[PDB]
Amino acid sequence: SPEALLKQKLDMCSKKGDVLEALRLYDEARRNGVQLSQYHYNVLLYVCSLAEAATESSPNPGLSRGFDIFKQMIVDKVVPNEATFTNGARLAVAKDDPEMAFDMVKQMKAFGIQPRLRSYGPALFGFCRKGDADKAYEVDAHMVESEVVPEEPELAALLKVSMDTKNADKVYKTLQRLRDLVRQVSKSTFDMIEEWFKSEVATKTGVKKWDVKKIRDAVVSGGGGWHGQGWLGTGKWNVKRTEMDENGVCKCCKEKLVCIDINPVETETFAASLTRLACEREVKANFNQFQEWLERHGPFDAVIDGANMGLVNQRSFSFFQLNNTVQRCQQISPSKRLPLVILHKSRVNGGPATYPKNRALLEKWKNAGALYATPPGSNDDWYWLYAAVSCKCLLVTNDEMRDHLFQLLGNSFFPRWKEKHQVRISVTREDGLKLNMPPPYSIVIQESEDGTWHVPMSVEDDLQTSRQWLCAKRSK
């Protein structure tokens, strides 16, 4: 069967990386009238991605024809799927022709296809490296129009190209986008922002006077922690690497950062998403059974990830560390409620239950309405997440929350929720166990009412490493 032959012949052609033979074979199928399928086209895109940019000659048939093949797939109304976009992008990156990468995205749009974020990169990054800001901004506007959300690398590129071309309005706008979508910035981006604020263009932008009432109302309107009305003040910036104290007071300038509210309506949307996601991956009846039990229990001030409390920094499950975490949560509860312990039934009945008094305590917590033993096969994470979200209470876990599951939750709401709800434990020799509570301010880029900026660097563990901030305040 001829399509099936081609499939095999291209699967074969090539794990060998034979582009010249993939291209001969492409042509042959078309001289034979064999209709190329989704799979055929993808293998062909991949294989052309193996080719390379000819520094010493006019470009090679492989990369060159790759775009031709991509163009042709879309003409043929073969639907792209995730591998199509990835291979399409690799091809774009290898060629390193931004204008040509942009064409692909334009063709996609023309034919009612949604480009992905990775489709835009080779275009955006190409123009930014070459210093072409106007093209970068076109790509940016196209991505906005298609509702494709940039991440930090795309914003950082846009920020640098705006700095390189002296465009203070675009720097401002991109800085706002970093605040809104990223919150805390990588070392890269942090250094770039510091350079911005020390730069001639920053020194020379600003206004000596402005409508305070208008800034005031913008702060209300924005949700807090920024205003978005432009650069304020004039003259040289005083730019310092610094730290916030535990109350969110900048140690450089003494400004007290804001604690930015979460709108309860976003919370109810996220709860609904959480239930839907969990019911897609859990056995639906298991998750529903927990939902129904939770409705009949509580109230709760805290939810514990019992597997994480038993295991974090331990060589095996420590009933001591779980139990001491339960007790400490109960002690900080104003009315001394026990926390809700989420734990696998295998643990309730196995590894932390070979000492009879510990088994009896686990059963006591259950009998107190303060323990739910999840069934075998379940991923506990959906359970303690849903419980903390639905009870609107503290969540006690040191889980990094970088598993694939957690990426399904998004990079706007969930990280803001996490900051306000997550309690983590730390242990010292001198003191034993401590609960580290949510900060009383928001760890995010902030712009004050007089135009002072505070920019937080992202870190792996802000209890392990002390978080550096930038303080940018006009010397005036």
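Each form is matched to the other, and the largest set of C-alpha atoms that superpose within 1.5 Å is called the rigid core. Note that residue numbering follows the sequence shown and begins at 1.
J.: Quick one: core-superposed, which stretch strays further from the shown model in 7 other deposited structures of this protein, 92-100 or 400-408? Go by RMS C-alpha distance.
T.: Looking at 400-408 versus 92-100 in 7 other deposited structures of this protein, the farther one turns out to be 400-408.
J.: So, in 7 other deposited structures of this protein, taking the root mean square over structures and residues of the Cα distances after a rigid core fit: is 6-14 or 452-460 the more displaced stretch?
T.: With the rigid core superposed, the C-alphas that lie farther in 7 other deposited structures of this protein are those of 6-14.
J.: Indicate yes or no: is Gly112 absent from the model in at least a third of the other PDB entries of this protein that were compared?
T.: It is not, since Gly112 is included in all of the other entries that model both flanking stretches.
J.: Check this for me: in at least a third of the other entries compared, is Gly350 absent while its neighbours are modelled?
T.: Yes.
J.: Per the PDB record, is the mean Cα temperature factor higher over 122-130 or over 332-340?
T.: According to the entry, 122-130 carries the higher average C-alpha B-factor.
J.: Decide which of the stretches 415-423 and 31-39 has the higher mean C-alpha B-factor, going by the entry.
T.: Mean CA B-factor is higher for 31-39.
J.: Between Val171, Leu277, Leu181, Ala110, let me know which has the highest C-alpha B-factor in the entry?
T.: Top of the list by C-alpha B-factor: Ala110.
J.: Compare the CA B factors listed in the entry for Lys198, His142, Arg347, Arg177 and report the winner.
T.: Checking the PDB record, the top C-alpha B-factor among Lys198, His142, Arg347, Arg177 is at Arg347.
J.: Quick check on the deposited entry: does the C-alpha B-factor of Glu56 sit in the lowest, middle or highest third of its chain?
T.: Its C-alpha B-factor belongs to the highest third of this chain's values.
J.: State the tercile, meaning the lowest, middle or highest third, of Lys187 with respect to the CA B-factors recorded for its chain.
T.: Middle third.
J.: Sorting the chain's modelled residues by C-alpha B-factor, tell me whether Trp210 ends up in the lowest, middle or highest third.
T.: Highest third.
J.: Compare the C-alpha B factor of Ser448 with those of the other modelled residues in its chain, then answer lowest, middle or highest third.
T.: Middle third.
J.: For the chain shown, is the CA B-factor of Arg296 in the lowest, middle or highest third of its modelled residues?
T.: Lowest third.
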